$ cat structure05.pdb   # PDB, C-alpha atoms and all ligand atoms
MODEL        1
ATOM      1  CA  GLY A   1       0.000   0.000   0.000
ATOM      2  CA  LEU A   2       1.935   2.989  -1.346
ATOM      3  CA  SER A   3       0.694   6.579  -1.612
ATOM      4  CA  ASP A   4       0.696   8.493  -4.876
ATOM      5  CA  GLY A   5       3.684  10.485  -3.659
ATOM      6  CA  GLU A   6       5.543   7.244  -3.012
ATOM      7  CA  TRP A   7       4.718   5.752  -6.442
ATOM      8  CA  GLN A   8       5.807   9.060  -7.928
ATOM      9  CA  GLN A   9       9.183   8.624  -6.243
ATOM     10  CA  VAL A  10       9.280   4.988  -7.361
ATOM     11  CA  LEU A  11       8.747   5.838 -11.021
ATOM     12  CA  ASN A  12      11.080   8.792 -10.697
ATOM     13  CA  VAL A  13      13.810   6.431  -9.555
ATOM     14  CA  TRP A  14      12.838   3.926 -12.195
ATOM     15  CA  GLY A  15      13.632   6.608 -14.761
ATOM     16  CA  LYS A  16      17.265   6.196 -13.761
ATOM     17  CA  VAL A  17      17.099   2.476 -14.413
ATOM     18  CA  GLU A  18      15.392   2.911 -17.773
ATOM     19  CA  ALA A  19      18.175   5.194 -19.097
ATOM     20  CA  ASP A  20      20.408   2.104 -18.860
ATOM     21  CA  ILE A  21      18.302  -0.987 -18.264
ATOM     22  CA  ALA A  22      21.028  -3.411 -19.336
ATOM     23  CA  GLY A  23      23.712  -1.861 -17.120
ATOM     24  CA  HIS A  24      21.387  -1.835 -14.151
ATOM     25  CA  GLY A  25      20.058  -5.356 -14.748
ATOM     26  CA  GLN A  26      23.573  -6.667 -15.129
ATOM     27  CA  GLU A  27      24.801  -5.183 -11.843
ATOM     28  CA  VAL A  28      21.696  -6.356  -9.959
ATOM     29  CA  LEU A  29      22.262  -9.949 -11.092
ATOM     30  CA  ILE A  30      25.962  -9.708 -10.331
ATOM     31  CA  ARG A  31      25.305  -8.371  -6.834
ATOM     32  CA  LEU A  32      22.802 -11.208  -6.308
ATOM     33  CA  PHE A  33      25.104 -13.959  -7.556
ATOM     34  CA  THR A  34      28.209 -12.743  -5.726
ATOM     35  CA  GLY A  35      26.386 -11.865  -2.519
ATOM     36  CA  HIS A  36      24.404 -15.119  -2.447
ATOM     37  CA  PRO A  37      26.141 -17.783  -4.576
ATOM     38  CA  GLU A  38      23.418 -20.365  -3.890
ATOM     39  CA  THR A  39      21.178 -18.248  -6.114
ATOM     40  CA  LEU A  40      23.501 -18.948  -9.037
ATOM     41  CA  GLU A  41      22.609 -22.658  -8.813
ATOM     42  CA  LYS A  42      19.051 -21.930  -9.945
ATOM     43  CA  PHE A  43      20.277 -20.947 -13.428
ATOM     44  CA  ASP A  44      21.390 -23.775 -15.701
ATOM     45  CA  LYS A  45      22.783 -21.144 -18.058
ATOM     46  CA  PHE A  46      24.734 -19.108 -15.501
ATOM     47  CA  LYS A  47      26.016 -21.891 -13.259
ATOM     48  CA  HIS A  48      29.175 -21.976 -15.368
ATOM     49  CA  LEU A  49      30.069 -18.446 -14.312
ATOM     50  CA  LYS A  50      32.636 -19.042 -11.611
ATOM     51  CA  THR A  51      34.239 -15.606 -11.542
ATOM     52  CA  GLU A  52      32.817 -12.091 -11.349
ATOM     53  CA  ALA A  53      34.793 -11.126 -14.469
ATOM     54  CA  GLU A  54      32.964 -13.855 -16.337
ATOM     55  CA  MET A  55      29.689 -12.442 -15.061
ATOM     56  CA  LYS A  56      30.622  -8.940 -16.195
ATOM     57  CA  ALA A  57      31.707 -10.163 -19.620
ATOM     58  CA  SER A  58      28.555 -12.218 -20.181
ATOM     59  CA  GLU A  59      26.133 -10.720 -22.712
ATOM     60  CA  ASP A  60      23.561 -13.389 -21.899
ATOM     61  CA  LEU A  61      23.570 -12.298 -18.259
ATOM     62  CA  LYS A  62      23.044  -8.704 -19.332
ATOM     63  CA  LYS A  63      20.280  -9.949 -21.613
ATOM     64  CA  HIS A  64      18.565 -11.732 -18.720
ATOM     65  CA  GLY A  65      19.110  -8.642 -16.581
ATOM     66  CA  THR A  66      17.149  -6.737 -19.197
ATOM     67  CA  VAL A  67      14.395  -9.351 -19.198
ATOM     68  CA  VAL A  68      14.122  -9.279 -15.428
ATOM     69  CA  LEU A  69      14.158  -5.527 -15.025
ATOM     70  CA  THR A  70      11.807  -5.045 -17.979
ATOM     71  CA  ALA A  71       9.310  -7.362 -16.314
ATOM     72  CA  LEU A  72       9.807  -5.624 -12.951
ATOM     73  CA  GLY A  73       9.471  -2.231 -14.634
ATOM     74  CA  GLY A  74       6.182  -3.222 -16.230
ATOM     75  CA  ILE A  75       4.966  -4.372 -12.825
ATOM     76  CA  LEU A  76       6.112  -1.196 -11.055
ATOM     77  CA  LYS A  77       4.371   0.980 -13.636
ATOM     78  CA  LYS A  78       1.073  -0.632 -12.643
ATOM     79  CA  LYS A  79       1.345   1.019  -9.196
ATOM     80  CA  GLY A  80       0.092  -2.021  -7.283
ATOM     81  CA  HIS A  81      -2.487  -3.133  -9.850
ATOM     82  CA  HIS A  82      -0.306  -5.929 -11.118
ATOM     83  CA  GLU A  83      -2.338  -9.090 -10.551
ATOM     84  CA  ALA A  84      -2.272 -10.095 -14.221
ATOM     85  CA  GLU A  85       1.428  -9.322 -14.617
ATOM     86  CA  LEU A  86       2.517 -10.978 -11.379
ATOM     87  CA  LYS A  87       0.538 -14.247 -11.296
ATOM     88  CA  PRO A  88       2.380 -15.911 -14.212
ATOM     89  CA  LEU A  89       5.737 -14.820 -12.738
ATOM     90  CA  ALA A  90       4.771 -16.252  -9.365
ATOM     91  CA  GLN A  91       3.641 -19.460 -11.034
ATOM     92  CA  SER A  92       6.761 -19.904 -13.148
ATOM     93  CA  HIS A  93       9.009 -19.156 -10.229
ATOM     94  CA  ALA A  94       7.183 -21.405  -7.780
ATOM     95  CA  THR A  95       6.440 -24.358 -10.062
ATOM     96  CA  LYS A  96       9.140 -24.192 -12.736
ATOM     97  CA  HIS A  97      12.207 -22.349 -11.463
ATOM     98  CA  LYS A  98      11.466 -23.255  -7.821
ATOM     99  CA  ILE A  99      12.738 -19.933  -6.435
ATOM    100  CA  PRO A 100      12.186 -19.684  -2.678
ATOM    101  CA  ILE A 101      10.803 -16.366  -1.461
ATOM    102  CA  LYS A 102      14.118 -15.729   0.349
ATOM    103  CA  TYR A 103      15.831 -15.151  -3.003
ATOM    104  CA  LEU A 104      13.270 -12.490  -3.882
ATOM    105  CA  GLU A 105      14.255 -10.789  -0.645
ATOM    106  CA  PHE A 106      17.895 -11.049  -1.728
ATOM    107  CA  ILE A 107      17.313  -9.425  -5.116
ATOM    108  CA  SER A 108      15.202  -6.662  -3.539
ATOM    109  CA  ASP A 109      18.038  -5.575  -1.306
ATOM    110  CA  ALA A 110      20.403  -5.939  -4.270
ATOM    111  CA  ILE A 111      18.327  -3.465  -6.290
ATOM    112  CA  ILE A 112      18.621  -1.023  -3.402
ATOM    113  CA  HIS A 113      22.382  -1.564  -3.195
ATOM    114  CA  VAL A 114      22.862  -1.057  -6.965
ATOM    115  CA  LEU A 115      20.911   2.214  -7.054
ATOM    116  CA  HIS A 116      23.128   3.720  -4.316
ATOM    117  CA  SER A 117      26.171   2.378  -6.093
ATOM    118  CA  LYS A 118      25.287   3.836  -9.489
ATOM    119  CA  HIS A 119      23.733   7.032  -8.155
ATOM    120  CA  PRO A 120      25.611   7.939  -4.936
ATOM    121  CA  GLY A 121      24.024  10.937  -3.242
ATOM    122  CA  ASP A 122      21.350  10.895  -5.925
ATOM    123  CA  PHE A 123      19.218   8.212  -4.293
ATOM    124  CA  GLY A 124      17.744  10.029  -1.342
ATOM    125  CA  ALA A 125      16.179   8.655   1.810
ATOM    126  CA  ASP A 126      12.641   9.256   0.636
ATOM    127  CA  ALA A 127      13.319   7.541  -2.681
ATOM    128  CA  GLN A 128      14.879   4.565  -0.848
ATOM    129  CA  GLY A 129      11.805   4.328   1.345
ATOM    130  CA  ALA A 130       9.424   4.395  -1.608
ATOM    131  CA  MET A 131      11.406   1.825  -3.632
ATOM    132  CA  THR A 132      11.769  -0.487  -0.642
ATOM    133  CA  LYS A 133       8.042  -0.459   0.005
ATOM    134  CA  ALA A 134       7.348  -1.186  -3.661
ATOM    135  CA  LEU A 135       9.670  -4.173  -3.643
ATOM    136  CA  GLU A 136       8.069  -5.377  -0.425
ATOM    137  CA  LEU A 137       4.638  -5.163  -2.021
ATOM    138  CA  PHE A 138       5.926  -7.102  -5.008
ATOM    139  CA  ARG A 139       7.401  -9.780  -2.720
ATOM    140  CA  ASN A 140       4.369 -10.011  -0.475
ATOM    141  CA  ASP A 141       2.057 -10.636  -3.424
ATOM    142  CA  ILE A 142       4.365 -13.294  -4.808
ATOM    143  CA  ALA A 143       4.403 -14.729  -1.270
ATOM    144  CA  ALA A 144       0.622 -15.030  -1.270
ATOM    145  CA  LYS A 145       0.678 -17.104  -4.469
ATOM    146  CA  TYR A 146       3.506 -19.246  -3.111
ATOM    147  CA  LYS A 147       1.368 -20.080  -0.074
ATOM    148  CA  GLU A 148      -1.551 -20.897  -2.339
ATOM    149  CA  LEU A 149       0.661 -23.338  -4.242
ATOM    150  CA  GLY A 150       2.141 -24.744  -1.028
ATOM    151  CA  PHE A 151       5.612 -23.855  -2.217
ATOM    152  CA  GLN A 152       8.692 -23.350  -0.041
TER     153      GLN A 152
HETATM  154  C1  LIG B 201      12.617  -8.793  -9.447
HETATM  155  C2  LIG B 201      12.499 -10.123  -9.377
HETATM  156  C3  LIG B 201      12.364 -11.014 -10.637
HETATM  157  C4  LIG B 201      11.740 -10.780 -11.810
HETATM  158  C5  LIG B 201      10.899  -9.555 -12.233
HETATM  159  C6  LIG B 201      11.948 -11.933 -12.658
HETATM  160  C7  LIG B 201      11.475 -12.079 -13.945
HETATM  161  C8  LIG B 201      11.725 -13.144 -14.759
HETATM  162  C9  LIG B 201      11.225 -13.325 -16.117
HETATM  163  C10 LIG B 201      10.337 -12.316 -16.878
HETATM  164  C11 LIG B 201      11.677 -14.501 -16.560
HETATM  165  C12 LIG B 201      11.412 -15.149 -17.934
HETATM  166  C13 LIG B 201       9.958 -15.619 -17.955
HETATM  167  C14 LIG B 201       9.656 -16.729 -16.961
HETATM  168  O1  LIG B 201      10.324 -17.804 -16.959
HETATM  169  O2  LIG B 201       8.706 -16.544 -16.163
HETATM  170  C15 LIG B 201      12.468 -15.106 -15.513
HETATM  171  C16 LIG B 201      13.113 -16.314 -15.608
HETATM  172  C17 LIG B 201      13.889 -16.918 -14.645
HETATM  173  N1  LIG B 201      14.114 -16.452 -13.358
HETATM  174 FE1  LIG B 201      13.229 -14.734 -12.579
HETATM  175  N2  LIG B 201      12.725 -12.843 -11.968
HETATM  176  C18 LIG B 201      13.010 -12.306 -10.726
HETATM  177  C19 LIG B 201      13.763 -12.888  -9.727
HETATM  178  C20 LIG B 201      14.440 -14.079  -9.809
HETATM  179  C21 LIG B 201      15.379 -14.602  -8.834
HETATM  180  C22 LIG B 201      15.728 -13.855  -7.526
HETATM  181  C23 LIG B 201      15.817 -15.795  -9.277
HETATM  182  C24 LIG B 201      16.836 -16.802  -8.677
HETATM  183  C25 LIG B 201      17.632 -16.503  -7.656
HETATM  184  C26 LIG B 201      15.187 -16.028 -10.561
HETATM  185  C27 LIG B 201      15.361 -17.147 -11.340
HETATM  186  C28 LIG B 201      14.935 -17.310 -12.639
HETATM  187  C29 LIG B 201      15.299 -18.423 -13.475
HETATM  188  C30 LIG B 201      16.194 -19.612 -13.079
HETATM  189  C31 LIG B 201      14.596 -18.168 -14.805
HETATM  190  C32 LIG B 201      14.665 -19.032 -16.068
HETATM  191  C33 LIG B 201      15.973 -18.564 -16.691
HETATM  192  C34 LIG B 201      16.191 -19.185 -18.040
HETATM  193  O3  LIG B 201      16.580 -20.372 -18.075
HETATM  194  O4  LIG B 201      15.973 -18.489 -19.060
HETATM  195  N3  LIG B 201      14.346 -14.976 -10.840
HETATM  196  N4  LIG B 201      12.471 -14.255 -14.424
ENDMDL
END
$ encode --input "structure05.pdb" --output "structure tokens" --more "lines below"
Ligand code: HEM
Amino acid sequence: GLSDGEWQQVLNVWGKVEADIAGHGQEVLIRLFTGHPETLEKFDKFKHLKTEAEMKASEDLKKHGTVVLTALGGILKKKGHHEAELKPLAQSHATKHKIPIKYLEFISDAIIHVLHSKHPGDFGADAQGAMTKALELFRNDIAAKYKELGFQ
């Protein structure tokens, strides 16, 4: 439950991401994989990446970063009205990719970390608060569908 002022901040911040969706998506995935290496095991096409240099040099990782952040962007632009957009993601991640909700927490914090990293002093406290709440909303709604499916 975000206010209009908070969604405004969210989409304001998202403008930063959209000026370089591939760069942002790349660094988010890298921060995830290096900060929580067990996450890497969920990707049959990234499990080969041992080193961070390999991650950085991988165009397919940047491609997936784009896919992920494009999907997230679409969801964020719905300002909470994302049932249609979210349900298939929740289903594919629960039943096909088998991604525990913990990993969604991991990538949420990673998004936060990357925005500070790429925009130091340009990602204010109010913007962090708004973005955090949005990612929590996202997670909580996924979490509801996970429960429904009985998935851990
Ligand atoms: C912001 C959170 C996320 C978003 C918006 C997102 C979005 C997507 C989308 C759009 C796809 C392709 C369509 C599909 O299979 O449903 C996908 C695939 C996939 N995702 Fe997620 N994802 C997120 C988080 C994660 C996390 C945290 C993990 C694992 C740690 C993960 C693991 C995977 C895997 C293994 C695939 C299939 C990759 C492939 O073989 O092409 N996702 N994701």
$ residues_near_ligand --input "structure05.pdb" --ligand "ligand LIG 201 (chain B)" --cutoff "6 Å" --atoms "only C-alpha atoms and all ligand atoms" --output "mmCIF file with C-alpha atoms, in the coordinates of the input"
data_model
loop_
_atom_site.group_PDB
_atom_site.id
_atom_site.type_symbol
_atom_site.label_atom_id
_atom_site.label_comp_id
_atom_site.auth_asym_id
_atom_site.auth_seq_id
_atom_site.Cartn_x
_atom_site.Cartn_y
_atom_site.Cartn_z
ATOM 1 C CA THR A 39 21.178 -18.248 -6.114
ATOM 2 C CA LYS A 42 19.051 -21.930 -9.945
ATOM 3 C CA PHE A 43 20.277 -20.947 -13.428
ATOM 4 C CA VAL A 67 14.395 -9.351 -19.198
ATOM 5 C CA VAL A 68 14.122 -9.279 -15.428
ATOM 6 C CA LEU A 69 14.158 -5.527 -15.025
ATOM 7 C CA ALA A 71 9.310 -7.362 -16.314
ATOM 8 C CA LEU A 72 9.807 -5.624 -12.951
ATOM 9 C CA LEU A 89 5.737 -14.820 -12.738
ATOM 10 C CA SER A 92 6.761 -19.904 -13.148
ATOM 11 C CA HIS A 97 12.207 -22.349 -11.463
ATOM 12 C CA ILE A 99 12.738 -19.933 -6.435
ATOM 13 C CA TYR A 103 15.831 -15.151 -3.003
ATOM 14 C CA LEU A 104 13.270 -12.490 -3.882
ATOM 15 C CA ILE A 107 17.313 -9.425 -5.116
#
$ resolve_selection --input "structure05.pdb" --expression "the PyMOL selection byres (((chain A and resi 108) around 12) and not hetatm)" --output "ChimeraX atom specification"
/A:28-29,31-32,69,72,101-107,109-115,128,131-140
$ resolve_selection --input "structure05.pdb" --expression "the PyMOL selection byres (((chain A and resi 49) around 12) and not hetatm)" --output "PyMOL selection string"
chain A and resi 29-30+33-34+37+40-41+43-48+50-58+60-61
$ write_last_selection --input "structure05.pdb" --atoms "C-alpha atoms" --output "PDB file, in the frame of the given file"
ATOM      1  CA  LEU A  29      22.262  -9.949 -11.092  1.00  0.00           C
ATOM      2  CA  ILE A  30      25.962  -9.708 -10.331  1.00  0.00           C
ATOM      3  CA  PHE A  33      25.104 -13.959  -7.556  1.00  0.00           C
ATOM      4  CA  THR A  34      28.209 -12.743  -5.726  1.00  0.00           C
ATOM      5  CA  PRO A  37      26.141 -17.783  -4.576  1.00  0.00           C
ATOM      6  CA  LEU A  40      23.501 -18.948  -9.037  1.00  0.00           C
ATOM      7  CA  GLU A  41      22.609 -22.658  -8.813  1.00  0.00           C
ATOM      8  CA  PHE A  43      20.277 -20.947 -13.428  1.00  0.00           C
ATOM      9  CA  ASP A  44      21.390 -23.775 -15.701  1.00  0.00           C
ATOM     10  CA  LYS A  45      22.783 -21.144 -18.058  1.00  0.00           C
ATOM     11  CA  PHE A  46      24.734 -19.108 -15.501  1.00  0.00           C
ATOM     12  CA  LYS A  47      26.016 -21.891 -13.259  1.00  0.00           C
ATOM     13  CA  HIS A  48      29.175 -21.976 -15.368  1.00  0.00           C
ATOM     14  CA  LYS A  50      32.636 -19.042 -11.611  1.00  0.00           C
ATOM     15  CA  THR A  51      34.239 -15.606 -11.542  1.00  0.00           C
ATOM     16  CA  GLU A  52      32.817 -12.091 -11.349  1.00  0.00           C
ATOM     17  CA  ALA A  53      34.793 -11.126 -14.469  1.00  0.00           C
ATOM     18  CA  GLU A  54      32.964 -13.855 -16.337  1.00  0.00           C
ATOM     19  CA  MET A  55      29.689 -12.442 -15.061  1.00  0.00           C
ATOM     20  CA  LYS A  56      30.622  -8.940 -16.195  1.00  0.00           C
ATOM     21  CA  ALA A  57      31.707 -10.163 -19.620  1.00  0.00           C
ATOM     22  CA  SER A  58      28.555 -12.218 -20.181  1.00  0.00           C
ATOM     23  CA  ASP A  60      23.561 -13.389 -21.899  1.00  0.00           C
ATOM     24  CA  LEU A  61      23.570 -12.298 -18.259  1.00  0.00           C
TER      25      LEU A  61
END
$ atom_distance --input "structure05.pdb" --atom1 "atom CA of residue 5 of chain A" --atom2 "atom CA of residue 23 of chain A"
27.1 Å
$ resolve_selection --input "structure05.pdb" --expression "the PyMOL selection byres (((chain A and resi 9) around 9) and not hetatm)" --output "list in words"
residues 4, 5, 6, 7, 8, 10, 11, 12, 13, 14, 126, 127, 128, 130 and 131 of chain A
$ atom_distance --input "structure05.pdb" --atom1 "atom CA of residue 70 of chain A" --atom2 "atom CA of residue 121 of chain A"
24.9 Å
$ atom_distance --input "structure05.pdb" --atom1 "atom CA of residue 124 of chain A" --atom2 "atom CA of residue 64 of chain A"
27.9 Å
$ axis_aligned_box --input "structure05.pdb" --around "segment 124-140 of chain A" --padding-each-side "8 Å" --output "AutoDock Vina command-line options"
--center_x 11.1 --center_y 0.0 --center_z -1.6 --size_x 29.4 --size_y 36.0 --size_z 22.8
$ residues_around --input "structure05.pdb" --residues "residue 94 of chain A" --least-positions-apart "2" --cutoff "10 Å" --atoms "only C-alpha atoms" --output "list in words"
residues 88, 89, 90, 91, 92, 96, 97, 98, 99, 100, 101, 142, 143, 145, 146, 147, 149, 150, 151 and 152 of chain A
$ closest_residue --input "structure05.pdb" --among "A:35, A:25, A:73, A:80" --to "residue 141 of chain A" --atoms "all atoms listed in the file"
A:80
